[PDB]
Amino acid sequence: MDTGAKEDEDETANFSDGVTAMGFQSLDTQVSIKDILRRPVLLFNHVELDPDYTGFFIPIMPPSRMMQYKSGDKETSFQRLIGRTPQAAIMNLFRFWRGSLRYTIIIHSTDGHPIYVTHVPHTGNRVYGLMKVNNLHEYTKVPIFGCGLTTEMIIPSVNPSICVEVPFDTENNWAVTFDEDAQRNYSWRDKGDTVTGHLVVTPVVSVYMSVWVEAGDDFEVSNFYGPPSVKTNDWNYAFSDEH
Amino acid sequence: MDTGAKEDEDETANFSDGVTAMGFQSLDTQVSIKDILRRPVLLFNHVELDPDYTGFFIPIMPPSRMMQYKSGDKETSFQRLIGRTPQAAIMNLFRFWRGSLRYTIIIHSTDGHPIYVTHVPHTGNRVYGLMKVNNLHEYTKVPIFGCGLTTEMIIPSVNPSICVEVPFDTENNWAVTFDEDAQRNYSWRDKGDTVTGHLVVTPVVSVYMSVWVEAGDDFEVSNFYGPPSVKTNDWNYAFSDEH
Amino acid sequence: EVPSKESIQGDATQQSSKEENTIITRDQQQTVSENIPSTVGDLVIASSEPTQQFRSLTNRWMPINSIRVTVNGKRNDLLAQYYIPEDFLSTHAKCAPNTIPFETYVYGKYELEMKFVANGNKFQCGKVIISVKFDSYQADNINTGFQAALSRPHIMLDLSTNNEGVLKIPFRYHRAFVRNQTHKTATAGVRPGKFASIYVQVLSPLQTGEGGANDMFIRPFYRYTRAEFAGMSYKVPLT
Amino acid sequence: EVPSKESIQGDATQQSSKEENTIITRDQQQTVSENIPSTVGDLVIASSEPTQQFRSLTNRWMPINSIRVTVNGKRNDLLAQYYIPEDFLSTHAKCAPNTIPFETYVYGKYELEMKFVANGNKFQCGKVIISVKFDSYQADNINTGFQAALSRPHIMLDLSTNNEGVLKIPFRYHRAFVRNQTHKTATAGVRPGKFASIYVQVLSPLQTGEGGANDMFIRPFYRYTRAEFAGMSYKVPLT
Amino acid sequence: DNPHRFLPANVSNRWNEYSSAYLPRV
Amino acid sequence: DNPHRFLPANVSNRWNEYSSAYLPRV
């Protein structure tokens, strides 16, 4: 970051700076970057889990322009307004992040079936949604949650929601927030450095889920990039105060 | 254990040992043997309980090569990837273990029927799955959970999951982890020394369950055997970083 | 530790080990495994009556059968193996006074020491490894390689230098005592006379020069450092 | 200095030399030439700007080409010879990181250390001598015998014992600096890249037994103990 | 029948395990 | 095929990104 007061050489008289409005309305300050990143963002809104697959993959990365919808492109399972959230706009300014993320997963059920959430560390790939690992047609005898990796279970009859905190299990000092083109086929090891692992949800029977994401307490951002080129048309969908 | 520094007679100059990476990424150390054995392993993935039987038997022993699947052999109720878990690989190095094991049992139900989990001490047998004790055709009037043995109940409507800790109720100083051949008919008293008892799950009506196992807090391993002869084909099911 | 100049009887700087009425010398240096503990505390509970030692008989050196190493022998090949104490009672050195207490007592705890003496010439070369596996009954055919031997308590023998090797073996068994002898009246439900296995394996094959010897020999010697016996009975022949 | 009794890894009483990111061990004793001084005082006058050292690059051990000694070789025969630094830049070990500073700097002062490692068997015998001749340009073909080698700073290698030899070479040149590289734009009036010569000569021929090996090998290693560079320029390929 | 149950006589001892005499097991 | 996968040769370097020589990208 460069403040730019360096370039301001003028030292002539000016009007008063006044008094801040911070604290006047309430003490609930919402200016802290970490506080903004720690409140949740909806990734997946009522998406299906299918037991024919290994599970629904969630790549461990914060919300950003990487998950932004553009009118015309192919339809994904992602929430369309991820790119327009405050924290996504903030993450578009910082290309480095380190620490844990927290995932709030809600299973749309009240059944006694256990739904397992398995953490995969940084393996070098980057996938999302339902996937058959090594293209098999049977995963009940070889579940991902019973392979050895760290796992937690949801029992909807007790509690359909859970909040799980995924560690920074990677080789790199920082995780890369975004690329210029997310679908470009470049150097394969660099391609996978935008995630720190995966979170895999596996059901017993067919059931829907919703997924939110936020930053952990142990979390930092760095490598300030400044604001990008942007567009808006908010004016057009509202009346003015003069009819 | 023999470190083998004994045999290293050379005392010439060497390059620097450097500084450890332990603590750099996180303080979550995962090198402790006890810590690895204390995180759970999936034994049975959605297996049926039938009230026509006495109950589903679980032999009290940690995960190891004893529960390893081999392509071609007869189909069991066991999870296929038990042998490839970290803790199973660790237990293949130690042939002695003493202390308690902890069993996480999840009943796939939300009903008000009580499902009883009975502990049997070391009796000299070794069985698993559904069994009719003394080959009778009626067990509601003579349940195993109401014979005198220590028992705990699961009420799925309240909580479909439970964690129960089974004691080291045996004659022997140590329990034997594994044998060279698990199906060999040798001296019958020695044959049963690989378990410290059984855990028997009995329902009211037909229902499915899932079972995990881990080491207790009061738990030790000993009699280090070193690494066995092994095989892998992991390379074949992955692309390299050069396409 | 340090050699001297040649005299009437060569380089007279030998070391030796005296145990009871038996002595074994060594021309070169020796390798010795770590002194590691056995299970203690269960002895007083397992046996209501006091246990007995016979150091004069048991703690002496006793040689067992000779081992031949050839140029044909490959890495990982078993040169010899011993289920102890069984094989030291009714296979090797059967007339040894070390075996006398095993005739009368039914139970015991046993800590052993095994010395290995090799005699290959200076134009030969090769590596042999001896290791111990505790409580090996129905687990002899697994974790039984050179790699498993290098992990477990072991000694390494170079076949050219003729360095001696001493393996210190504690009592590490899943029961309090090991049974000494089988009998017609006794149960067949428990395997007796085996709390451990000893393996002698080729680490690197024996090699020789042009018109050289195609084999050489190794001799094991055993002794009990701590043999406590329990449960007196009428004397029987061993196996 | 003193040998010990034989163990698992033979007589483990080796010495070693660690310089930067390179180590060289020795099984037997080593011979080392006297630490003798270079010209000092002219450095500050000859170069108005300060001189530079790159110890991490230059002060590491670097092996050069292998030398073969045969039974056919007679006394006074040259096994190898090196004009330094020239031959260590553009003949031997051309991809060595030791040579990197010579690409950019035009002048320098250089004190070297050269280790020689021989490997003949115990049934062979012979003597080799390595010596240094300072400022040898147009005087290589005179005072170039075994006798001249024995007079000048030298090391002696017995081909049976395999004793190591370390020749310490100061900077003794008729000018303040030696030129590092020739160039098309540079003058041809001055011979660059040669302040000294190293000779490897047979002192006593190699001999062997009946059906024995008719040759054996020696490997030289070099390093700069004090390499000061002067006169920075654009980087060029070496010769 | 199941071949794992009993070991063949030539390689084994009376206790249904590989004999110490039978070196070729490895 | 997908045009995002590979960059055209005239604007890019060997590592499949905009060349430093190609100033007109902006």
# chains A, B, ... in the order shown; residues from 1 in each chain; ligands from 1
>>> interface_residues(of="chain B", to="chain A", cutoff="10 Å", atoms="only C-alpha atoms", output="compact mmCIF listing (two decimals) with C-alpha atoms, in the first residue's frame")
# COMPACT_ATOMS: atom_id res chain seq x y z
CA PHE B 24 6.15 -22.90 11.35
CA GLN B 25 2.85 -23.70 9.56
CA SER B 26 0.84 -24.44 12.74
CA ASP B 28 -1.15 -28.71 15.47
CA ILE B 36 -2.71 -40.77 15.62
CA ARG B 39 -8.54 -40.35 16.01
CA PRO B 40 -11.30 -42.66 14.68
CA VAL B 41 -11.29 -45.39 11.96
CA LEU B 42 -14.45 -46.55 10.11
CA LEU B 43 -14.93 -50.33 10.62
CA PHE B 44 -18.53 -50.93 9.46
CA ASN B 45 -20.30 -48.62 6.96
CA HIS B 46 -24.12 -48.97 7.08
CA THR B 76 -16.86 -59.30 4.47
CA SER B 77 -18.90 -56.55 6.20
CA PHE B 78 -15.63 -54.66 7.03
CA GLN B 79 -14.55 -51.37 5.42
CA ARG B 80 -12.05 -52.15 2.60
CA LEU B 81 -9.60 -49.26 3.32
CA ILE B 82 -9.02 -50.06 7.06
CA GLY B 83 -5.55 -51.48 6.21
CA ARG B 84 -4.53 -48.20 4.47
CA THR B 85 -5.39 -45.88 7.43
CA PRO B 86 -2.41 -44.20 9.24
CA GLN B 87 -3.19 -45.92 12.58
CA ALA B 88 -3.55 -49.39 10.96
CA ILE B 106 -24.25 -44.35 15.02
CA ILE B 107 -27.75 -45.89 14.57
CA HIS B 108 -29.43 -44.84 11.27
CA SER B 109 -32.80 -43.98 12.90
CA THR B 110 -34.84 -41.34 14.79
CA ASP B 111 -37.19 -43.84 16.54
CA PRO B 156 -31.98 -42.40 18.55
CA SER B 157 -34.87 -39.91 19.10
CA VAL B 158 -32.60 -38.19 21.69
CA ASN B 159 -29.18 -39.02 20.14
CA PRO B 160 -28.49 -41.59 17.34
CA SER B 161 -24.72 -41.58 18.15
CA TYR B 208 -28.70 -50.13 10.19
CA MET B 209 -25.62 -48.85 12.08
CA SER B 210 -22.10 -47.48 11.41
CA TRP B 212 -15.83 -46.29 14.28
CA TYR B 237 -3.85 -43.25 -10.95
CA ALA B 238 -2.56 -39.63 -11.22
CA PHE B 239 -1.07 -37.20 -13.78
CA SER B 240 2.38 -35.63 -13.19
CA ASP B 241 3.12 -31.86 -12.99
CA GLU B 242 4.40 -32.09 -16.63
CA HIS B 243 0.97 -33.08 -18.09
>>> residues_around(residues="stretch 171-181 of chain C", least_positions_apart="5", cutoff="9 Å", atoms="only C-alpha atoms", output="ChimeraX atom specification")
/B:96,171-176,193,223 /C:37-39,42-43,46,85-86,102-103,105-112,134-135,190-196,230,236,238-239
>>> write_last_selection(atoms="N, CA, C and O atoms", output="compact mmCIF listing (two decimals), in the first residue's frame")
# COMPACT_ATOMS: atom_id res chain seq x y z
N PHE B 96 2.11 -55.71 20.46
CA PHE B 96 1.47 -55.60 21.78
C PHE B 96 0.67 -54.30 21.88
O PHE B 96 1.07 -53.27 21.33
N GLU B 171 -6.83 -61.73 30.95
CA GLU B 171 -5.89 -62.46 31.81
C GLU B 171 -4.45 -62.04 31.49
O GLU B 171 -3.59 -62.06 32.37
N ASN B 172 -4.21 -61.66 30.23
CA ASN B 172 -2.87 -61.44 29.68
C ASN B 172 -2.39 -60.03 30.05
O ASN B 172 -3.19 -59.13 30.32
N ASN B 173 -1.06 -59.85 30.05
CA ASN B 173 -0.40 -58.56 30.27
C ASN B 173 -0.65 -57.64 29.07
O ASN B 173 -1.01 -56.48 29.25
N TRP B 174 -0.44 -58.19 27.86
CA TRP B 174 -0.66 -57.49 26.59
C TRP B 174 -1.66 -58.27 25.73
O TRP B 174 -1.80 -59.49 25.88
N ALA B 175 -2.36 -57.54 24.85
CA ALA B 175 -3.18 -58.12 23.79
C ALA B 175 -2.34 -58.18 22.51
O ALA B 175 -1.61 -57.24 22.20
N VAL B 176 -2.47 -59.29 21.77
CA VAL B 176 -1.73 -59.52 20.53
C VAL B 176 -2.45 -58.77 19.40
O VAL B 176 -3.65 -58.91 19.23
N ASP B 193 -6.27 -64.69 21.91
CA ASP B 193 -5.50 -63.68 22.64
C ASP B 193 -5.32 -62.39 21.82
O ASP B 193 -4.72 -61.43 22.32
N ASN B 223 6.41 -53.69 21.77
CA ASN B 223 6.89 -54.83 20.97
C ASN B 223 6.98 -54.39 19.51
O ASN B 223 6.21 -54.84 18.66
N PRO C 37 15.10 -53.02 29.17
CA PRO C 37 14.45 -53.69 30.30
C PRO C 37 13.39 -54.74 29.92
O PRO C 37 12.90 -54.75 28.79
N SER C 38 13.06 -55.59 30.90
CA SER C 38 11.98 -56.58 30.82
C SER C 38 10.80 -56.11 31.68
O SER C 38 10.89 -55.10 32.38
N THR C 39 9.68 -56.85 31.60
CA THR C 39 8.50 -56.62 32.44
C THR C 39 8.83 -57.04 33.88
O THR C 39 9.29 -58.17 34.10
N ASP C 42 4.93 -58.08 37.88
CA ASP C 42 3.96 -59.17 37.71
C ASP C 42 4.46 -60.47 38.36
O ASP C 42 3.65 -61.35 38.68
N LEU C 43 5.78 -60.59 38.55
CA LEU C 43 6.45 -61.79 39.09
C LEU C 43 5.85 -62.19 40.45
O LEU C 43 5.52 -63.36 40.66
N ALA C 46 1.99 -63.21 39.91
CA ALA C 46 1.80 -64.41 39.07
C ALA C 46 2.16 -65.69 39.84
O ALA C 46 1.50 -66.71 39.67
N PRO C 85 12.85 -70.58 24.62
CA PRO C 85 13.96 -71.50 24.85
C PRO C 85 13.93 -72.88 24.15
O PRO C 85 14.96 -73.55 24.15
N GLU C 86 12.78 -73.27 23.56
CA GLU C 86 12.52 -74.63 23.02
C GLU C 86 13.77 -75.25 22.38
O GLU C 86 14.18 -76.35 22.75
N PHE C 102 15.15 -76.64 33.68
CA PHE C 102 13.95 -76.70 32.83
C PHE C 102 13.25 -78.06 32.94
O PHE C 102 12.08 -78.18 32.56
N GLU C 103 13.96 -79.07 33.46
CA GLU C 103 13.43 -80.43 33.64
C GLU C 103 12.35 -80.44 34.74
O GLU C 103 11.36 -81.15 34.61
N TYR C 105 11.10 -77.34 36.69
CA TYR C 105 10.23 -76.15 36.76
C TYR C 105 9.38 -76.04 35.49
O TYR C 105 9.86 -76.29 34.39
N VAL C 106 8.11 -75.64 35.67
CA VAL C 106 7.10 -75.59 34.59
C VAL C 106 7.04 -74.18 33.97
O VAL C 106 6.78 -74.07 32.77
N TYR C 107 7.28 -73.13 34.76
CA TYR C 107 7.23 -71.72 34.32
C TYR C 107 8.61 -71.07 34.45
O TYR C 107 9.52 -71.63 35.07
N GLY C 108 8.76 -69.87 33.86
CA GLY C 108 9.95 -69.04 34.07
C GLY C 108 9.94 -67.74 33.28
O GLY C 108 9.19 -67.59 32.32
N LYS C 109 10.79 -66.80 33.72
CA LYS C 109 11.16 -65.56 33.00
C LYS C 109 12.64 -65.66 32.61
O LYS C 109 13.45 -66.10 33.42
N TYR C 110 12.98 -65.22 31.39
CA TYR C 110 14.29 -65.48 30.78
C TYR C 110 14.79 -64.26 29.99
O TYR C 110 14.16 -63.84 29.02
N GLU C 111 15.94 -63.73 30.42
CA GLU C 111 16.72 -62.73 29.69
C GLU C 111 18.03 -63.37 29.23
O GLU C 111 18.77 -63.92 30.06
N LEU C 112 18.32 -63.30 27.93
CA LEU C 112 19.43 -64.02 27.31
C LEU C 112 20.49 -63.04 26.77
O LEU C 112 20.23 -61.84 26.63
N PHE C 134 10.31 -60.54 19.57
CA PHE C 134 9.68 -60.90 20.85
C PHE C 134 8.25 -61.39 20.61
O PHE C 134 7.50 -60.76 19.86
N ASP C 135 7.89 -62.50 21.28
CA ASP C 135 6.56 -63.11 21.25
C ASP C 135 6.14 -63.32 19.79
O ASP C 135 5.25 -62.66 19.27
N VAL C 190 -2.21 -74.18 24.96
CA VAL C 190 -1.16 -73.16 25.04
C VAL C 190 0.12 -73.74 24.41
O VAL C 190 0.52 -74.86 24.73
N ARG C 191 0.74 -72.95 23.52
CA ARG C 191 2.04 -73.26 22.92
C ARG C 191 3.14 -72.97 23.95
O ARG C 191 3.33 -71.81 24.32
N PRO C 192 3.89 -73.99 24.43
CA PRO C 192 4.97 -73.76 25.39
C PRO C 192 6.36 -73.58 24.76
O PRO C 192 6.57 -73.93 23.60
N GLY C 193 7.29 -73.03 25.55
CA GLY C 193 8.72 -73.01 25.24
C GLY C 193 9.11 -72.02 24.16
O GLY C 193 10.18 -72.16 23.57
N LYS C 194 8.27 -71.01 23.91
CA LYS C 194 8.51 -70.01 22.87
C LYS C 194 7.98 -68.65 23.31
O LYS C 194 6.76 -68.42 23.30
N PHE C 195 8.89 -67.76 23.72
CA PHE C 195 8.59 -66.35 24.00
C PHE C 195 9.25 -65.42 22.97
O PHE C 195 8.96 -64.22 22.99
N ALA C 196 10.11 -65.95 22.09
CA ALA C 196 10.84 -65.12 21.11
C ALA C 196 11.45 -66.00 20.01
O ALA C 196 11.56 -67.22 20.16
N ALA C 230 9.85 -70.90 38.20
CA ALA C 230 8.67 -70.96 39.08
C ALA C 230 7.86 -72.23 38.80
O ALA C 230 7.88 -72.76 37.69
N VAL C 236 11.26 -84.34 34.22
CA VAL C 236 10.86 -84.99 32.98
C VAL C 236 11.97 -84.83 31.94
O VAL C 236 12.77 -83.90 32.04
N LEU C 238 13.33 -83.57 28.31
CA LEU C 238 12.98 -82.35 27.58
C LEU C 238 12.50 -82.72 26.17
O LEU C 238 13.31 -83.12 25.32
N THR C 239 11.18 -82.59 25.94
CA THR C 239 10.51 -82.84 24.65
C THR C 239 10.75 -84.29 24.22
O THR C 239 10.16 -85.22 24.78
>>> residues_around(residues="stretch 9-20 of chain F", least_positions_apart="3", cutoff="7 Å", atoms="only C-alpha atoms", output="PyMOL selection string")
(chain A and resi 186) or (chain F and resi 6+23)
>>> select_by_dssp(residues="stretch 48-201 of chain C", states="strand (DSSP E)", output="PyMOL selection string")
chain C and resi 62-63+67-70+78-85+105-119+125-134+154-158+164-169+178-179+194-201
>>> closest_residue(among="A:211, A:68, A:30, A:202", to="residue A:139", atoms="only C-alpha atoms")
A:202
>>> atom_distance(atom1="atom CA of residue D:83", atom2="atom CA of residue D:136")
8.4 Å
>>> closest_atom_pairs(of="chain D", to="chain C", cutoff="10 Å", atoms="only C-alpha atoms", output="JSON lines")
{"residue": "D:2", "atom": "CA", "partner": "C:2", "partner_atom": "CA", "distance": 7.9}
{"residue": "D:3", "atom": "CA", "partner": "C:2", "partner_atom": "CA", "distance": 6.6}
{"residue": "D:4", "atom": "CA", "partner": "C:2", "partner_atom": "CA", "distance": 4.5}
{"residue": "D:5", "atom": "CA", "partner": "C:28", "partner_atom": "CA", "distance": 5.5}
{"residue": "D:6", "atom": "CA", "partner": "C:28", "partner_atom": "CA", "distance": 5.2}
{"residue": "D:7", "atom": "CA", "partner": "C:29", "partner_atom": "CA", "distance": 5.1}
{"residue": "D:8", "atom": "CA", "partner": "C:158", "partner_atom": "CA", "distance": 5.7}
{"residue": "D:9", "atom": "CA", "partner": "C:158", "partner_atom": "CA", "distance": 7.8}
{"residue": "D:10", "atom": "CA", "partner": "C:161", "partner_atom": "CA", "distance": 6.6}
{"residue": "D:11", "atom": "CA", "partner": "C:161", "partner_atom": "CA", "distance": 9.3}
>>> closest_atom_pairs(of="chain A", to="chain F", cutoff="10 Å", atoms="only C-alpha atoms", output="JSON lines")
{"residue": "A:180", "atom": "CA", "partner": "F:17", "partner_atom": "CA", "distance": 9.9}
{"residue": "A:181", "atom": "CA", "partner": "F:4", "partner_atom": "CA", "distance": 7.3}
{"residue": "A:182", "atom": "CA", "partner": "F:4", "partner_atom": "CA", "distance": 8.7}
{"residue": "A:183", "atom": "CA", "partner": "F:4", "partner_atom": "CA", "distance": 6.1}
{"residue": "A:184", "atom": "CA", "partner": "F:5", "partner_atom": "CA", "distance": 4.3}
{"residue": "A:185", "atom": "CA", "partner": "F:5", "partner_atom": "CA", "distance": 4.9}
{"residue": "A:186", "atom": "CA", "partner": "F:16", "partner_atom": "CA", "distance": 6.0}
{"residue": "A:187", "atom": "CA", "partner": "F:15", "partner_atom": "CA", "distance": 7.3}
